[PDB]
Structure formats: C-alpha cells, structure tokens
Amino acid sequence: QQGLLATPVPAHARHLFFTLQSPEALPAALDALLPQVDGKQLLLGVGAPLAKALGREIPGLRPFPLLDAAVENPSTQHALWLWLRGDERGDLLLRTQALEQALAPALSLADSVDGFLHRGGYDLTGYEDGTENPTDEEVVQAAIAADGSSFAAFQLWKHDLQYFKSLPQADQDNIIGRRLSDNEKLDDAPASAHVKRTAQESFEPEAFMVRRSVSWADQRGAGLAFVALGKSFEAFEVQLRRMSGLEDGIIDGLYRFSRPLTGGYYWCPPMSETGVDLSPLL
C-alpha cells in the first residue's frame, strides 16, 4: 500500500493528469516513472483509458460515471494521475516540470492542480472538512482493498467565495450543515445540507470513505480539490448520486455556490517490496 493515509499531510500538493497520445512511447516513459513512485512523496493512479489501451481490464476500475441529474458533475477521465505531496511548494513545481518532460511524448499533461492544505485541514470557506473521517485504525479498513489497492475519485470544485461569504451566517451554516462558529452539527438543518446529504451512517447498505482533499487557487478561480479514497467506488458514487438528487429529489446545498470542474476514477496500484506493483496491468 502507498502512503495515501499518512498523517500529517504535507502543507502542499500537486495533482497531475496525463492523456495517452503516443502509446508506442509508453514503455520508455514507464521505465523512468515507476522507479520514482515511492507512494509517499509521489503517488500513482491508473485511469480506465490507460487500462483499456493496454487491453487488460482491472477489476473495479471504470471511468468517472455520467449522472443524468439537475446538477453538473463532469466526467473528465484521464489516463494517468500523479499525486505529489511535499512541504516545499517550489520543489513540487520543479518536479512536475521534470515529470512532464520524462513522460513525453507518450503522455501529455492534460490537467494540473497547485494544491495547499489550508489551516491544517480547513476549506477556504472556513468550515473544517475532514471532521467525520474514520479513526486512524478504521482508515485502512475503509480505504484499502484486499490486494492493497485503493480506488480514488478526484473532483475539482470551484467556489464562488464572494457569493457564499455574502450570505448571512445562518444561510452558510444551513448549506454546510455545521455552525461556522463552533463546528457543531445543525441537527435541524435542511436535508439539503451537505452533512445531511453525506451522512456516512445514513446510507443503509454502504460504508465510509477516506477523504484527502486540499485547497487550490488558479487562474480558473479557487476552491477544493476533492479526493475520496476507498476499497471501491461504491461509497463515493452513492454519495454523489445522493448529493445530485438522484436518490431523492433533494439537491445538495453545495451546488448553490460551488460546482465541480473535473471528475475521474483512478485505481491506485499496491506497493510491493520493489516499488509500485503494476503487475496485473503488465
């Protein structure tokens, strides 16, 4: 298993997404990338088109779903995902440039996210995200599968901070479901509150998930880079359909000030005694 759960998470992150355009050059790119995948500073996630391009099908791996709902959750599935973690923001910028060159011409950089951990684990709106994460011994049970693989879901949410912060504090709390002044759950908030929509125990058959989100800021705006780890995509997909109003006509309140710009499913390979284990994909 990689270090998708190590605490504390470094102060900065960098999410890279690549499109496979020259498959004949892929062996040369993998021979220079895999010796660097340590699982702690550089994490790897295989996307559905990369498995499909190699003809081998990975169990549980599939593209980001298409949700015919009243809210827009885009499916921007890419072939490869590189998760860079580190305290030095400049070192992550230098390494992503080195990774971008070593992967060409097989993989072209399709998306990049300059992430940072805001106030140890707070969203830019001030609300502490990650409060209801499973305990340190429940995390491995909920995020890791049998082989040691994890199935991660990424979503780049763009916030309208000027609009959300202009609303009264009661309206902001009813959207999140928690008080900003003390992080206490509003037990009588509307069912459209985010914590009401995503109450992990409210889903009768489904289980929990391990979130590893960070904040971001670009020319595209700012918001939260949502990361959800789990032994399968079932925990995340039942949540997103619940938030989108598919389980019942109630739409999550987050969609009033924030909307996801990207979305993808990526299978995180296990860590063997010799680097990252991509043997099932050969």
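Numbering starts at 1 and runs along the sequence shown.
On average, which has the higher Cα B-factor in the deposited entry, 76-84 or 180-188?
Between 180-188 and 76-84, it is 180-188 that shows the higher mean C-alpha B-factor.
Which is higher in the entry, the mean Cα B factor of 29-37 or that of 222-230?
On average, C-alpha B-factors are higher across 29-37.
Going by the entry, which of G90, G126, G115, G121 has the most elevated CA B factor?
Comparing C-alpha B-factors across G90, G126, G115, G121, the top value belongs to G121.
Hey, out of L109, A199, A153, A193, whose CA B-factor is highest in the deposited coordinates?
Across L109, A199, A153, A193, the entry lists the biggest C-alpha B-factor for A199.
Lowest, middle or highest third: where is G245 by C-alpha B factor in its chain?
It falls in the middle third of the chain.
Would you please rank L20 by its C-alpha temperature factor against the other modelled residues of its chain and give the third it falls in: lowest, middle or highest?
For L20, the deposited C-alpha B-factor lands in the middle third.
Is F208 in the lowest, middle or highest third of its chain when residues are ranked by C-alpha B-factor?
Highest third - that is where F208 ends up once the chain's C-alpha B-factors are sorted.
Among all modelled residues of this chain, ranked by Cα B factor, put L167 in the bottom, middle or top third, i.e. lowest, middle or highest.
According to the entry, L167 has a C-alpha B-factor in the chain's middle third.
Taking the C-alpha B-factors as the PDB entry records them, is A104 in the lowest, middle or highest third of its chain?
Answer is middle: the recorded C-alpha B-factor places it there.
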